[PDB]
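Peer 1: Before we start, here is the structure in question, set down as structure tokens.
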Amino acid sequence: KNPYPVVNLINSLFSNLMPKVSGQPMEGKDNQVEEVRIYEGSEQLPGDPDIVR
Amino acid sequence: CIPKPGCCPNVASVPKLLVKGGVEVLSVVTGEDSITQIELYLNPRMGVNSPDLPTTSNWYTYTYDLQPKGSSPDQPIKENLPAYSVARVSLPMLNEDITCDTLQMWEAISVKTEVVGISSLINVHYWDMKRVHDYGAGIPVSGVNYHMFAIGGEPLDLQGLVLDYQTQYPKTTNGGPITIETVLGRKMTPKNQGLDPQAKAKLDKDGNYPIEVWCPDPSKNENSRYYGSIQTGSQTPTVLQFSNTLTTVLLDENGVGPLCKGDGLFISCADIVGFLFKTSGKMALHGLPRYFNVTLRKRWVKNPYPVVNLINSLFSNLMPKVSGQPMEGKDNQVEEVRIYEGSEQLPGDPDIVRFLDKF
Amino acid sequence: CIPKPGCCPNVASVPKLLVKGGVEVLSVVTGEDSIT
Amino acid sequence: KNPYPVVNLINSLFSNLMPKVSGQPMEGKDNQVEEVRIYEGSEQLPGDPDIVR
Amino acid sequence: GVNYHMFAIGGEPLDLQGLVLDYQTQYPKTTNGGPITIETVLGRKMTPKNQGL
Ligand SMILES: [Ca+2]
């Protein structure tokens, strides 16, 4: 059974083939990213709006 | 409504065109039943291969003065080596059906061709033409002819053969033309005066594969169709005909034309018209371009190659390669290979010999 | 048409051999149950 | 089972029914056969006449 | 005298491990041909760790 599904290889291939992009660091030790939130569905309003999950 | 088919007169039905223009319109997406049609030309690359250079473009579509050296060996000038012409036409992508494992490829079904500029040959008044006799007119362009063209979906495969292997063709420099010892890597042997299966090379570039050295390899030109002609004489007359009614069909005995791999149409041609007898006695060849009216259509084919195995070849860890002992080719270190499938009644001799003359 | 089973003797069922040769042979297309 | 055809055997023994010729080589190291193709049956059209394996 | 016999069958190139009887030895350098030694793989002179695993 193909262990590596083709779709993941396709993107993983052209990305290396496509011209690279040397921007400001956005991943790794010196990432320039502060918060990243992810929502899904609706819940009753929690008290603390600064909640972290 | 108001068509009135009985009252309205009858008008014949013909295929309608959706667009007409340059290459730019080739990017128009079409249906499956669409039929494109390309009209293009190819100027003759015959040693003097560009009018743009200012120094010596006065001899475009010509060669320098040909003459025998007179002392072994021969060191010919690049501008005395007529070469084949070639071009690739990038065709747009097509649909595919992975579930059914089929896809579309461009098929060339018919080609209309013609040699442009034939009428230009009646010019007997050139200020340096050798008179046929005193107080007379010049000697019209005549002599050797080499006509050839090819239509295919992959570059034309070639075979090399020369008239003398002693000949020292120009070196492998990038601007220089490709010769026999270029592809081999060694000075060519007298075997090359005859057929040599080692002297093969595809027609990659333009104006770099000389005619007097290369000829279409009939064995592997199987996904393309080529036609040729020749006449060899000192002052042999040149006979050519042309019209727009002559159409050439490219289909094979199975009913398919050349399939454009990589969505690319490959066209090759070469037409030597004759010599140009100069007053000084010197001689030089001349050529003319060709017209090409290719009719293309869409055909469905089965993808013969497994996708996953094919794409994995690009990954290093999935396709490992080594510099092992010779296990393929002239020095293969394999003695026998047997394939077993299904069962049969027991044969007597286990070492079955199929050829009759062997034992 | 078929030969008389009683009039004709039976033999063993050895695996069928399709081809025997050099390296140029591996190109042969074979079924899903073939052995090399 | 007899693997070898009886008639073809005795045909080898006669110079008339098995003529030989000392011609250019068509076998061995210096053979002069560029390619051989063997067709049997029928399939759907492949997308490449220059099939590689 | 001395005998050493091994064979390996696999769908991948055989994975090897480096171990030398003496790291003091200086094997010939790899110059477009010639043996490949631990020095060639690591890029450093062999440390006495290499006498072990
Ligand atoms: Ca062939």
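So you can find residues: chains in the structure tokens are A, B, ... in the order shown, residues in each start at 1, and ligands are numbered from 1 in order.
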Distance table requested - chain C against chain D, cut-off 12 Å, only C-alpha atoms: one row per qualifying residue with the closest atom pair and its distance in Å to one decimal, ordered by chain and rising residue number, as a tab-separated table.
Peer 2:
residue	atom	partner	partner_atom	distance
C:8	CA	D:1	CA	11.8
C:9	CA	D:1	CA	10.5
C:10	CA	D:1	CA	9.8
C:11	CA	D:1	CA	7.9
C:12	CA	D:1	CA	9.8
C:13	CA	D:1	CA	10.9
C:14	CA	D:1	CA	11.3
C:17	CA	D:3	CA	11.9
C:24	CA	D:36	CA	10.9
C:25	CA	D:53	CA	11.5
C:26	CA	D:53	CA	9.1
C:27	CA	D:53	CA	6.5
C:28	CA	D:53	CA	9.3
C:29	CA	D:53	CA	9.4
Peer 1: From a backbone DSSP assignment, name each residue in chain E labelled helix (DSSP H, G or I), as a PyMOL selection string.
Peer 2: chain E and resi 38-42+48-51
Peer 1: Here is a test: counting only C-alpha atoms and all ligand atoms, which residue of B:331, B:222, B:79, B:97 is nearest to ligand 1?
Peer 2: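 Ranking B:331, B:222, B:79, B:97 by distance to ligand 1, first place goes to B:222.
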Peer 1: Can you work out which residues are within 7 Å of ligand 1, considering only C-alpha atoms and all ligand atoms, and then hand them over as a ChimeraX atom specification?
Peer 2: /B:219-220,222 /D:35
Peer 1: For chain B, work out the contacting residues on chain C at 7 Å, counting only C-alpha atoms, and write them as a list in words.
Peer 2: residues 11, 12, 13, 14, 15, 16, 17, 18, 19, 20, 21, 22, 23, 33, 34, 35 and 36 of chain C
Peer 1: Save the residues we just selected, N, CA, C and O atoms, as an mmCIF file, in the first residue's frame?
Peer 2:
data_model
loop_
_atom_site.group_PDB
_atom_site.id
_atom_site.type_symbol
_atom_site.label_atom_id
_atom_site.label_comp_id
_atom_site.auth_asym_id
_atom_site.auth_seq_id
_atom_site.Cartn_x
_atom_site.Cartn_y
_atom_site.Cartn_z
ATOM 1 N N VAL C 11 0.996 -37.002 -16.467
ATOM 2 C CA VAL C 11 2.311 -36.579 -16.025
ATOM 3 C C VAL C 11 2.145 -35.582 -14.885
ATOM 4 O O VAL C 11 1.033 -35.215 -14.510
ATOM 5 N N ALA C 12 3.273 -35.142 -14.340
ATOM 6 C CA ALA C 12 3.261 -34.203 -13.232
ATOM 7 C C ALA C 12 3.021 -32.777 -13.736
ATOM 8 O O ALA C 12 3.056 -32.508 -14.940
ATOM 9 N N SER C 13 2.751 -31.798 -12.833
ATOM 10 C CA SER C 13 2.503 -30.364 -13.118
ATOM 11 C C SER C 13 3.661 -29.548 -12.541
ATOM 12 O O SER C 13 3.639 -29.133 -11.383
ATOM 13 N N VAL C 14 4.680 -29.327 -13.361
ATOM 14 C CA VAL C 14 5.820 -28.511 -12.963
ATOM 15 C C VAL C 14 5.498 -27.066 -13.304
ATOM 16 O O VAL C 14 4.698 -26.824 -14.214
ATOM 17 N N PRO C 15 6.065 -26.086 -12.603
ATOM 18 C CA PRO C 15 5.801 -24.687 -12.942
ATOM 19 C C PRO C 15 6.211 -24.370 -14.371
ATOM 20 O O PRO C 15 7.302 -24.726 -14.816
ATOM 21 N N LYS C 16 5.321 -23.685 -15.090
ATOM 22 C CA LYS C 16 5.524 -23.450 -16.515
ATOM 23 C C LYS C 16 6.642 -22.441 -16.732
ATOM 24 O O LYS C 16 6.741 -21.434 -16.032
ATOM 25 N N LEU C 17 7.481 -22.716 -17.717
ATOM 26 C CA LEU C 17 8.610 -21.866 -18.028
ATOM 27 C C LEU C 17 8.253 -21.026 -19.245
ATOM 28 O O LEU C 17 7.946 -21.574 -20.315
ATOM 29 N N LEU C 18 8.306 -19.700 -19.092
ATOM 30 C CA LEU C 18 7.956 -18.820 -20.199
ATOM 31 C C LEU C 18 9.156 -18.474 -21.066
ATOM 32 O O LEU C 18 9.035 -18.441 -22.296
ATOM 33 N N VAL C 19 10.317 -18.210 -20.463
ATOM 34 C CA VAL C 19 11.457 -17.722 -21.236
ATOM 35 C C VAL C 19 12.739 -17.976 -20.460
ATOM 36 O O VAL C 19 12.734 -18.019 -19.226
ATOM 37 N N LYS C 20 13.838 -18.155 -21.190
ATOM 38 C CA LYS C 20 15.149 -18.338 -20.607
ATOM 39 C C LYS C 20 16.134 -17.575 -21.467
ATOM 40 O O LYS C 20 16.239 -17.837 -22.669
ATOM 41 N N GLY C 21 16.858 -16.638 -20.870
ATOM 42 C CA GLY C 21 17.807 -15.852 -21.640
ATOM 43 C C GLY C 21 18.565 -14.885 -20.774
ATOM 44 O O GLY C 21 18.583 -15.013 -19.549
ATOM 45 N N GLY C 22 19.185 -13.907 -21.429
ATOM 46 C CA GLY C 22 20.040 -12.944 -20.755
ATOM 47 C C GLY C 22 19.269 -11.819 -20.090
ATOM 48 O O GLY C 22 18.087 -11.940 -19.748
ATOM 49 N N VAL C 23 19.965 -10.695 -19.911
ATOM 50 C CA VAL C 23 19.362 -9.572 -19.205
ATOM 51 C C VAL C 23 18.230 -8.956 -20.023
ATOM 52 O O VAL C 23 17.227 -8.475 -19.469
ATOM 53 N N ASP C 33 1.064 -13.205 -11.024
ATOM 54 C CA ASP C 33 1.502 -14.375 -10.280
ATOM 55 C C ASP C 33 2.790 -14.953 -10.846
ATOM 56 O O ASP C 33 3.047 -16.149 -10.687
ATOM 57 N N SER C 34 3.601 -14.138 -11.503
ATOM 58 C CA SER C 34 4.825 -14.644 -12.106
ATOM 59 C C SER C 34 5.951 -14.693 -11.082
ATOM 60 O O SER C 34 5.875 -14.093 -10.008
ATOM 61 N N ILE C 35 7.003 -15.420 -11.433
ATOM 62 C CA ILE C 35 8.179 -15.590 -10.585
ATOM 63 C C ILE C 35 9.419 -15.454 -11.448
ATOM 64 O O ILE C 35 9.465 -15.949 -12.571
ATOM 65 N N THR C 36 10.419 -14.773 -10.923
ATOM 66 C CA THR C 36 11.641 -14.448 -11.647
ATOM 67 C C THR C 36 12.859 -14.957 -10.892
ATOM 68 O O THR C 36 12.964 -14.770 -9.674
#
Peer 1: Could you list, as number ranges by chain, every residue within 8 Å of region 3-16 of chain D, counting only C-alpha atoms and ignoring same-chain residues fewer than 2 positions away?
Peer 2: B: 347-349, 352, 356-357; D: 1, 18-20
Peer 1: One number please: CA of residue 201 (chain B) to CA of residue 158 (chain B), in Å, one decimal.
Peer 2: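 Computing the Euclidean distance for CA of residue 201 (chain B) and CA of residue 158 (chain B) yields 5.4 Å.
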Peer 1: List as a list in words the protein and nucleic acid residues near residue 103 (chain B), meaning an atom at most 8 Å away when only C-alpha atoms are counted, but skip any in the same chain fewer than 4 places from it.
Peer 2: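 Those residues are residues 94, 95, 96, 97, 98, 300, 301, 302 and 303 of chain B.
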Peer 1: Within 12 Å of chain B, which residues of chain E show up? Give each one with its shortest atom-to-atom distance in Å (one decimal) and the two atoms involved, counting only C-alpha atoms, rows by chain then rising residue number, as CSV.
Peer 2:
residue,atom,partner,partner_atom,distance
E:10,CA,B:320,CA,11.8
E:11,CA,B:320,CA,9.2
E:12,CA,B:320,CA,6.9
E:13,CA,B:320,CA,7.1
E:14,CA,B:322,CA,10.6
E:33,CA,B:323,CA,11.9
